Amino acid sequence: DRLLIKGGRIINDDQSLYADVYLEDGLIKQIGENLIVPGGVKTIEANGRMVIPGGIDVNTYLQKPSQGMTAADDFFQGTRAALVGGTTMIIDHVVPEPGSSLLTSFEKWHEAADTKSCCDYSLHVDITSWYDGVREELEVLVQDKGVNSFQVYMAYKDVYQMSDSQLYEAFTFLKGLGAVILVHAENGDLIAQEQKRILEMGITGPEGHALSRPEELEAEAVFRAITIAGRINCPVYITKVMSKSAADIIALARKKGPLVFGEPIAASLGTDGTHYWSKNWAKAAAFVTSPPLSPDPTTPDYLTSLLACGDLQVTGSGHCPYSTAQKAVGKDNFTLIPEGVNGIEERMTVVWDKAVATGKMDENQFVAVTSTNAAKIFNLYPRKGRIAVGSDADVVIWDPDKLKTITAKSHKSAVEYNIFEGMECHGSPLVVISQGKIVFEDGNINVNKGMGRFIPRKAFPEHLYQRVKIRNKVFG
């Protein structure tokens, strides 16, 4: 079908233009002032509002397993939520059983997504163990399946955690495949010791989750991951930046040389972790994810500052909330609570409120950190995250003045609590368009189950590897 957006302000990461936009066959066909349109073309009046590239959520965990349970938002309900929020593409993390085949787990995830997802999607593969025969499955995943990003774990002792030797092995190998190396960075050995100590103190409430994983343990694992990456000369991507001190580590490392990228998630940019000390156990357990929200209320603004000057580059969600019934498995033991929070619907609205409405960054920067930087990093740039002739027709009409108060009483998630409850945000989407067709307009949702396509990603993204290739020949 065919569609035309008249009289808008097109925002890209590089510039802004007043021009009309014409979409046909799931692509942007023309951009200009006086356009030539063929057959049955529907017209949408933009009225001077911003025309931006639909968001790319780099970090989603829609079918994440934790404590024997699956996240409450599946691929259908998850991506339904994303679209309402202005997110037109996600990259979901595939989470294999430690020891199980990556291929088998990839097909399971692909099957579930292709039948339920409302929007285009890519997949990360989380390498949960460095087992014998893992290297051949990785090669197939890069060259045949179309996956260019793999996540390794420094936390979760004796479950997901890799040693310093194993990390070195895996960074080198993935570097050879030209993959983006994602890292969940928290010291798992110290966490294990601290959880043990806190429980034995009598502290069973969700606060103990935040006390057993203070920001220092994140700062350390982040620095350790950057050190390894700089030895090997490969790009390293830090997922779920939750702390001012981990962000400072990333910042300092970018001055020194190492190719490091940082990804705060909506949670860390929106709220803080003081809610762990809530008298309401249910509410407090809804905030539980790893790494935890910082109990320092000054973190959200500090992270947004770093996102503004370029030290943090992409935003995500880390969306994997559980239902109150699900979480209450850990009523007498915080380590038994399912880790995950919401963010997928709120991500662009939240980034906007903290970064643009406050004046820290402009609308051009907002586009980079919600979609464009993500596409450059993961090798999707011309296709996704740009309003250009030839690119996919994933567009959002954004109203910088439209008010929205985030509540669990109106959110498109299955869970009872929302970590941004009562946050009054100054800037919301009006119209969201996915794959050429309108999915959200005037508060009405028209999404199709299974309509999203899997987007394959080529190895060796130039944004990351162009500097790697040069540093290889300088080294020797």
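Numbering starts at 1 and runs along the sequence shown.
Student: Hey, which bit's got the bigger mean C-alpha B factor in the entry, 307-315 or 399-407?
Tutor: Mean CA B-factor is higher for 399-407.
Student: Mean CA temperature factor from the deposited coordinates, higher in 55-63 or in 439-447?
Tutor: The stretch with the larger average C-alpha B-factor is 439-447.
Student: For the listed residues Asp144, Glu216, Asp248, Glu263, which one has the largest C-alpha B-factor as given in the deposited model?
Tutor: Out of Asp144, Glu216, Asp248, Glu263, the record gives the largest C-alpha B-factor to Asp144.
Student: Specify which of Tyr302, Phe334, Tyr237, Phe75 carries the largest Cα B factor in the deposited PDB entry.
Tutor: Going by the entry's C-alpha B-factors, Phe75 comes out highest.
Student: Lowest, middle or highest third of the chain for the C-alpha temperature factor of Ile344?
Tutor: CA B-factor rank for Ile344: middle third.
Student: Going by the entry, which third of its chain does the Cα temperature factor of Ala179 land in?
Tutor: Bottom third by C-alpha B-factor.
Student: Grab the CA temperature factor for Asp272 from the record and place it in the lowest, middle or highest third of its chain.
Tutor: Within its chain, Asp272 is a lowest-third residue by C-alpha B-factor, going by the deposited values.
Student: Based on the entry's values, in what third of the chain does the Cα temperature factor of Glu200 lie: lowest, middle or highest?
Tutor: Tercile = lowest for this residue's CA B-factor.
Student: Among the modelled residues of its chain, does the C-alpha B-factor of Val415 lie in the lowest, middle or highest third?
Tutor: According to the entry, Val415 has a C-alpha B-factor in the chain's middle third.
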